[PDB]
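J.: Starting off with a structure, shown below.
So basically every Cβ, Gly included, is an ideal-geometry build from the backbone, and we count neighbours across all protein chains shown. Throughout, read-outs are computed from the coordinates displayed, never taken from laboratory work.
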Amino acid sequence: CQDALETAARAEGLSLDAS
Amino acid sequence: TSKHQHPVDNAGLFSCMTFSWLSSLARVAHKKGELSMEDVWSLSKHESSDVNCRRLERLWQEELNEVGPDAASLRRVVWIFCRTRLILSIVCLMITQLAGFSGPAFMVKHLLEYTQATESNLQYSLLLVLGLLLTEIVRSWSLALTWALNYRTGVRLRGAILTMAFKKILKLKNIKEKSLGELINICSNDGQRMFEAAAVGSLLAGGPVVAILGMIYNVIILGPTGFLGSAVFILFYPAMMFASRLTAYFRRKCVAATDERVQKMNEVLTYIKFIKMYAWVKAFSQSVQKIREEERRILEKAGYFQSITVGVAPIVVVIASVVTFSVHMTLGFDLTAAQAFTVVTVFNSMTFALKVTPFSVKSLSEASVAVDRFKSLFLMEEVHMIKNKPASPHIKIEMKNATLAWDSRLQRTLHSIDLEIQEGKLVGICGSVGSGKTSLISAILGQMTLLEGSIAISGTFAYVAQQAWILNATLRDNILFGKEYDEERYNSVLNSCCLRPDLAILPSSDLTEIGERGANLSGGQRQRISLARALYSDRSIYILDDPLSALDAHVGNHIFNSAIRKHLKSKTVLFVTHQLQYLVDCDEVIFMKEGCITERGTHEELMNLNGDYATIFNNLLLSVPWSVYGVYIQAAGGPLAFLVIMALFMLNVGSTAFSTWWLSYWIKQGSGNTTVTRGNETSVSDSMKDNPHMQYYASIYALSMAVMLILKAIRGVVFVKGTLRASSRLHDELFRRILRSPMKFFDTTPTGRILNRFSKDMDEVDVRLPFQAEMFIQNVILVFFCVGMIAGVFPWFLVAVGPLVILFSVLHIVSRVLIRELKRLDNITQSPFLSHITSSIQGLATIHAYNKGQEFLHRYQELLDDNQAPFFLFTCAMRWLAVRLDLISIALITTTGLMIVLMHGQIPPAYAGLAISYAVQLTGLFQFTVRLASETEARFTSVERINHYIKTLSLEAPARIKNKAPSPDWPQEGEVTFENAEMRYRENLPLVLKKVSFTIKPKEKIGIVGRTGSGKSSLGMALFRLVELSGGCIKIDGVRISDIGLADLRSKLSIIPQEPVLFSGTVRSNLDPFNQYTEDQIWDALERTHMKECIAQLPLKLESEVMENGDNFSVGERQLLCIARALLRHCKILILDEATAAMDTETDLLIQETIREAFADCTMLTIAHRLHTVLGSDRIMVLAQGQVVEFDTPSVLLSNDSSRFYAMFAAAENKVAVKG
């Protein structure tokens, strides 16, 4: 699903939605 | 989209690494308050779809012709595509990592070892602060440049690969080999995978290197004890990987639990009327409660592991520091403030980089999967188009003893085809199913392969498929199909296909938007529109495969005569049909039999030959307010739960802070004024190993680490429990209000909205809101603790902080009015893109037959660019905000360093090291804070919707009426009386019951028959009090049902619905979900309805699994089960409502006689429209638009010619007798 490690690196400049 | 040159093209290095063009756009957005699609800039020429697609296609073609299409690597091609820009990004990322390491390590080491000196030099300390500032600026701006390069690289890759995918898709032979959702996901999501892969993997190849640098530096500073801090990260990060795996494992089971709950909720909402009239609310409530509690347990486990893996970076730093320094000092080594806090700062930098890395690994894995899918797509077999021209221009289609085969390997279906078609000859194709007509059509189109012979062809094709692909556009746009407009020709075409009734029915027919498959149109209208498109297209050859099958015979023949025998007498038409009565007027007839040509010629010759064509010929003749947050807090347990959760959050972060402060305190103590012998003389020695109480400090350090871990665990458990309690309270209250609202709610509101509140609003709150809330609160408390530590060391740090708080607020406002208005523009331009993708994939055969494979590609490219511009601006705005918040953080660190150097001799070096460590820790926490605040705001919008429904729903009648229980034997008989019955479903609607009065004696079989809307469907509704009366009274045996409780009213009445209602579970659940009867009664009922043999034969007779709607029994079995359920209640009065729906004759007789004999001693209210079935009953009741005119025995009504019931009986007899 959505992790707190993926979100921390993805909230650095990417959108917060994998889908 | 409006620009001459994109501002990224006219931007220097400074603007590229600071994004000042997006600063101008942000200014515009903030001033206006919103953004429109005209305020954004068009795609640059460099990121345009066509040029990138050409580059990618060339690179792929070189790979194909060097290695071959069995050992080709699309990963290699994507590499070569991105190579130079990825190399530049890696160089910039190496610069970022080097600066990020050099700042803390060298700068903080020298800064803290200057504070340990005895003499003050003011021209060296300021140089150190300048170096720190410059290093922070360099790392921030180099990371910005890395992101700027990666964004453009990913956008170009996405555009190129999506354009290539659509190019390939538009020329696929086996359209149905891949799925349709798969083909959509190829052109929709895989491009996003490639973009994220490019950017975030380009980030990836910079992560572990600074970790190695930090490990080496820690070893250099300390000794063999730096490996202790090194091993902590090694043991720690696989642990968080395992935690992620466990969280995913549990969330996979939560998916099944949620699916079960949503399926049961759909059952509850779809058949709520049946549940109400059966008083079955409690059973479904209990079932949903059971599913909800099991789902809640799975959610608890998943949330526990999630919280385990939430905020570990300060935890990593503290664990590494505690292990390193405890084992350092218990072995007799020495330690100073500079060494220890340089090591802590290096730990912080390592945690930063390793926070970056893992999602990069994940993104590259998803990229590998997507590249595998793309390579699978690009190697599929392409469709061709026959180009071998014939000899004579007079010939338009010509084969010669050809034998063609399908492809699934070659599947032979055509053998020795000798076909010759001259211009102007209307040909018809005849045969049986599978004879090879569609095979011939596909071979002529170009989907088949040749084995022997030759195929000749000349001209262009129109195409009317058997499914009549309708284009997702206006009705006039999908009749032009890219052609120029002409008035008279369009009008003649429209009159030829009989579209005037269609033009009248539709509100804006000539301008109506039509769906991809057809939303407000019928099959015949679809055929007519496809035919109109074909005739307007004006091509040389027409392929009309069964164009008038679904169309009616009258209009079909009309169109045939008016157009095919009139318009296309001068063109070639390929008529394929199953109705062979149309070929009597055709010029040439073709019959196919088993793929071999047997007989053909003229109609009279076929009649004379008496062939198989003659045999079939004779056969056919015969932003949320504070109110939402307050509501959520109140659901969570009120102010006390919020205070407890906040207290535990502060306890966790303060345990980390206390660990760091205790390190600083232990270093500050020193030796504690102990004189020791160092030779021939004794003197005081300031070394931490000479402190007699050093083991005490080390023990408290280890205790600090353990207490921090314990507090983290407690915080996680309590937060998960509280958030799930809030969500469960919301769900329970919503369900309770739903199960107790009148049918007016369920009638004026679609079940889709209510399920959406249950399906995805509940899922959203449950999983998403606790996660984002936890991350946000952890980050905010960490920021507050860092600021508080630096301020407890330096209050003028607060003095400097104030203005930076103002700047942070301004930045948040500006970057929230901009990033949200670019998010919306991103997905507004995606809807046309997805619609075009679906419409194209659903009509590939028609597109290929019309040779319109380039116009659709051009439209795809236009929509892709329109989507790509705002998405690029969105990502660049993310990095714009990141750069500015990094500037704020750099200001904070520079202020801390300046205070450290301006207070030399007045602050202990340990406290200065603590302050500088927290100042460095402040890096990167602001972007996370802003983004998480926005995310939690969205989740609370979801909570707002849920609470709106919770506090909106109205109330039904109370379960028990104060008027009291009627009797312990009511009803004693079956006498029901009506008088002045007034009834209306809603307000301002016409009354359906207008002064209706009748009496029914017990045991009478009364069949209510009438016209649609006469009020026949309201007798059951008014008898069950689903809608309250507006006048008059209903009386049973002298008892007025207006004064009896709903439970006591519905508990003694039974009803057999029009369609059988069967819920998921077991037969026992669908027959007696309260377990009130004995086995003997159930089996007697089953044998009464002739069901004992069919049930006992099953291995689990009374426990057998029942599927949704009972799609494991035949229709007769389902009706028998429903009558058995009704019979199990033993009710004196029952309502049977027209149980005939496409039923076989003997089953109908069996069910009719079963109902006749089963309810012999019960009053029967048969609501049916089939007059022949109601004959033989006691009295016939006919309703006339809410009023009764005739009510007596059928014998005295059929004997009177003036009787209306006799008139409708005669009409029904004429309808049955005349077919004709």
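J.: For residue B:375, go through the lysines and keep the ones whose alpha-carbon is under 17 Å away, minus same-chain ones fewer than eight residues off.
T.: Result set, ordered by chain and number: B:167, B:168, B:171, B:173, B:178.
J.: Would you mind classifying the stretch B:1014-1168 by shape? Square roots of the alpha carbon gyration tensor eigenvalues, ordered a ≥ b ≥ c; an a/c under 1.5 is rounded, otherwise it is prolate if a/b is larger than b/c and oblate if not. Could the numbers behind the result be given before it?
T.: Values: a/c = 1.95, a/b = 1.60, b/c = 1.22.
Prolate, because a/c is 1.5 or more and a/b exceeds b/c.
J.: Something else now. Using the Cβ atoms and a cut-off under 12 Å, what net charge is assigned to the surroundings of residue B:148, where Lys and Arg are +1 and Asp and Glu are -1?
T.: Values: positive: B:85, B:152, B:879; negative: none.
Residues close to residue B:148 contribute a combined charge of +3.
J.: Here's something else I'd like to know. What ³J(HN,Hα) values, in whole Hz, does the Karplus curve 6.51 cos²θ - 1.76 cosθ + 1.60 give for the stretch B:7-18 when θ = phi - 60°, with x put for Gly and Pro?
T.: Values per residue, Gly and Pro as x: x, 6, 6, 9, 10, x, 4, 4, 5, 5, 9, 10 Hz.
J.: Using only Cα atoms, what Kirkwood radius does the stretch B:1-148 have, in angstroms?
T.: Working: mean 1/r = 0.0505 Å⁻¹.
Averaging 1/r across every pair of different Cα atoms and inverting gives 19.8 Å.
J.: Return the calculated 222 nm mean residue ellipticity for chain B, to the nearest 500 deg cm²/dmol, obtained by summing -39500 (n - 2.57) across DSSP H runs with n ≥ 4 and dividing by the residue count. If you can, show how the numbers build up before the last one.
T.: Working: 44 runs with 717 residues, N = 1220.
Rounded to the nearest 500, the figure is -19500 deg cm²/dmol.
J.: Among the DSSP beta bridges whose two residues both lie in the protein assembly as shown, what percent are antiparallel, rounded to the nearest 5? Walk me through the numbers on the way to the answer.
T.: Details: 40 of 75 bridges.
Among the beta bridges of the protein assembly as shown, antiparallel pairing accounts for roughly 55 percent.
J.: Can you pull the one-decimal nm distance between simple spin-label points at residue B:693 and residue B:28, each 7 Å off the Cα toward Cβ?
T.: 6.6
J.: Then there is this: At a Förster distance of 60 Å, what's the computed FRET efficiency of residue B:1201 paired with residue B:290, Cβ-Cβ distance as r, to 0.05? Intermediate results must be reported in sequence, preceding the final value.
T.: On the way: r = 63 Å, r/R0 = 1.05.
With a Förster radius of 60 Å, E is 0.45.
J.: What are the residues whose amide H is under 5 Å from the amide H of residue B:464, where those residues sit 5 or more places off or on another chain and H is modelled from the backbone?
T.: Distant-sequence amide H within range of residue B:464: B:543, B:545.
J.: Among DSSP bridges having both ends in chain B, what percentage is antiparallel? Round to the nearest 5. Don't jump to the answer; show the numbers that get you there.
T.: Working: 40 of 75 bridges.
Antiparallel: roughly 55 percent of the beta bridges in chain B.
J.: Convex hull over the alpha-carbon atoms of chain B: what's its volume per residue in Å³? The partial results should precede the final answer.
T.: Working: hull volume 311.6 nm³, N = 1220.
Residue-normalised Cα hull volume stands at 255 Å³.
J.: Positive end of the dipole of chain B, charges at C-beta (+1 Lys, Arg; -1 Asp, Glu), about the Cα centre: which of B:684, B:597, B:352 has its Cα farthest in that direction?
T.: Of the candidates, B:684 comes out farthest on the positive side.
J.: Now for a separate question. Show me B:462-474, B:481-493, B:551-563 ranked by packing, highest mean number of other Cβ atoms within 10 Å first.
T.: Values: B:462-474: 20.9, B:481-493: 12.4, B:551-563: 15.3.
The densest-packed peptide leads the list: B:462-474, B:551-563, B:481-493.
J.: Same structure, new question: List the residues, sorted by chain then number, that are 5 or more residues from residue B:1134 or on another chain and whose placed amide H is less than 5 Å from its amide H.
T.: B:1163, B:1165
J.: Moving to a separate point now. Take the Cβ-Cβ distance between residue B:376 and residue B:1088 as r, set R0 to 51 Å, and report the resulting FRET efficiency rounded to the nearest 0.05. Kindly include the intermediate steps, with their values, before the conclusion.
T.: Numbers: r = 60 Å, r/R0 = 1.17.
Rounded to the nearest 0.05, the efficiency is 0.30.
J.: Rounded to whole Hz and in sequence order, give me ³J(HN,Hα) for the stretch B:219-229 from the Karplus expression 6.51 cos²θ - 1.76 cosθ + 1.60, θ = phi - 60°, writing x for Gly and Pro.
T.: Whole-Hz 3J(HN,Hα) from phi for the stretch B:219-229: 4, 4, 5, 9, x, x, 8, x, 5, 5, x.
J.: Arranged by the count of other C-beta atoms within 10 angstrom, fewest first, what order do B:899, B:762, B:215 take? If you can, show how the numbers build up before the last one.
T.: Details: B:899 22, B:762 25, B:215 19.
Fewest-to-most ranking of B:899, B:762, B:215: B:215, B:899, B:762.
J.: How much net charge surrounds residue B:214 when only the other residues with a Cβ under 15 Å from the Cβ of residue B:214 are counted, with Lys and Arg +1 and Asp and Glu -1? Walk me through the numbers before you get to the answer.
T.: Numbers: positive: B:109, B:139, B:355; negative: none.
Net local charge, residue B:214 excluded: +3.
J.: Further, regarding this structure: Grab the stretch B:395-621 and count how many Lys pairs have their alpha-carbon atoms under 12 Å apart, sequence gap of 8 or more, or different chains.
T.: On the way: B:396/B:425; B:396/B:571; B:425/B:569; B:425/B:571; B:437/B:593.
Taking the Cα cut-off of 12 Å, the pair count is 5.
J.: So for the stretch B:827-956, averaging the separation of alpha carbon pairs under 8 Å that are six or more residues apart and normalising by length, what relative contact order in percent results? Intermediate values should be presented prior to the final figure.
T.: Numbers: 38 pairs, mean separation 29.3, N = 130.
Normalised by residue count, the contact order of the stretch B:827-956 is 23 percent.
J.: Working from the alpha-carbon coordinates of the stretch B:395-621, get Rg over Rh, Rh being the Kirkwood radius. Please report the intermediate quantities before stating the final value.
T.: Details: Rg = 18.4 Å, Rh = 18.7 Å.
Here Rg/Rh amounts to 0.98.
J.: Quick one: work out the % antiparallel among DSSP beta bridges in the stretch B:395-621, nearest 5. Mind showing how you got there, number by number?
T.: Working: 18 of 35 bridges.
Around 50 percent antiparallel, to the nearest 5.
J.: Here's another thing I want to ask about it. Provide the net charge surrounding residue B:384, with neighbours chosen by a C-beta distance below 13 Å and charges set as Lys +1, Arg +1, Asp -1, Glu -1.
T.: On the way: positive: B:171, B:173, B:387; negative: B:381, B:382, B:407.
Net charge around residue B:384: 0.
J.: Between residue B:483 and residue B:513, what is the label-to-label distance in nm when each label sits 7 Å out along the Cα-to-Cβ direction?
T.: So the two model labels end up 2.6 nm from each other.
J.: Run the reach check for residue B:109 against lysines, Cα to Cα strictly under 28 Å, same-chain hits fewer than 8 apart removed. What comes back?
T.: Hits, sequence-local ones excluded: B:355, B:668, B:689.
J.: Taking the number of other C-beta atoms within 10 Å as the exposure measure, put B:9, B:612, B:1111 in order starting with the fewest.
T.: On the way: B:9 13, B:612 16, B:1111 9.
So the ranking, lowest neighbour count to highest, is B:1111, B:9, B:612.
J.: Let me ask something else about it. Using +1 on the beta carbon of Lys and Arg, -1 on that of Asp and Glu, and nothing else charged, what's the dipole of the protein assembly as shown about the Cα centre, debye to 20?
T.: Numbers: 125 positive and 119 negative charges, 470 e Å.
Once rounded to the nearest 20, the dipole reads 2260 debye.
J.: What order do you get for B:911-923, B:227-239, B:679-691 when each peptide is scored by the mean count of other beta carbon atoms within 10 Å, highest first?
T.: For the peptides B:911-923, B:227-239, B:679-691, the packing ranking is B:911-923, B:227-239, B:679-691.
J.: Determine ³J(HN,Hα), in whole Hz, for all residues of the stretch B:504-512 in sequence, where each value follows from phi through the Karplus function 6.51 cos²θ - 1.76 cosθ + 1.60 and θ = phi - 60°; x replaces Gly and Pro.
T.: Taking θ as phi minus 60°, the curve returns 7, 5, 5, x, 9, 2, 5, 10, 7 Hz for the stretch B:504-512.
J.: To continue, here is another question. Towards the positive end of the charge dipole of chain B, with charges on Cβ (+1 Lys, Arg; -1 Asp, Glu), say which of B:1214, B:289, B:1006 has the farthest Cα.
T.: The Cα lying farthest towards the positive end belongs to B:289.
J.: Straight distance only, please: which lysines reach the Cα of residue B:995 with their own Cα at less than 28 Å, same-chain residues fewer than 8 apart left out?
T.: Candidates past the 8-residue exclusion: B:273, B:276, B:744, B:1003, B:1005, B:1016, B:1035, B:1052, B:1132.
J.: Name the shape class, rounded, prolate or oblate, that the alpha-carbon gyration tensor gives for the stretch B:588-697, where a ≥ b ≥ c are the square roots of its eigenvalues, rounded holds for a/c under 1.5, and otherwise prolate holds if a/b is larger than b/c and oblate otherwise.
T.: Details: a/c = 10.33, a/b = 3.42, b/c = 3.03.
Prolate shape, in that a/c is at least 1.5 and a/b is the bigger ratio.
J.: Right, another one. By count of other Cβ within 10 Å, fewest leading, how are B:631, B:801 ordered?
T.: On the way: B:631 22, B:801 19.
With the fewest neighbours first, B:631, B:801 line up as B:801, B:631.
J.: Continuing with the same structure: For residue B:38 and residue B:365, calculate 0.36 nm times their separation in residues minus their Cα-Cα distance, and state this gained length in nm to one decimal. All intermediate terms of the calculation are to be shown ahead of the outcome.
T.: On the way: separation 327, 0.36 × 327 = 117.72 nm, distance 3.71 nm.
Net length gain for the segment: 114.0 nm.
J.: Under 5 Å between amide H atoms, partner at least 5 residues away or on a different chain: which partners does residue B:1065 have, H built in plane at 1.01 Å?
T.: B:1106
J.: Per the Cauchy relation, a quarter of the hull surface: what is the mean projected area of the convex hull of the alpha carbons in the protein assembly as shown, in nm²? Please report the intermediate quantities before stating the final value.
T.: Details: hull surface 257.9 nm².
It is 64.5 nm².
J.: Then there's this: Please work out the C-alpha center-to-center distance from the stretch B:44-116 to the stretch B:1011-1084 and express it in whole Å.
T.: One Cα centre to the other: 71 Å.
J.: Suppose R0 equals 22 Å; then what is the FRET efficiency for residue B:740 and residue B:1043 from their Cβ-Cβ distance, rounded to the nearest 0.05? Numbers along the way, then the final one.
T.: Details: r = 21 Å, r/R0 = 0.95.
For residue B:740 and residue B:1043, the calculated efficiency is 0.55.
J.: Under the classification rounded if a/c is under 1.5, otherwise prolate if a/b is larger than b/c and oblate if not, where does the stretch B:160-279 fall, given a ≥ b ≥ c as square roots of the Cα gyration tensor eigenvalues? Before the final figure, lay out the partial values.
T.: Values: a/c = 4.95, a/b = 1.52, b/c = 3.25.
It comes out oblate by the Cα gyration axes.
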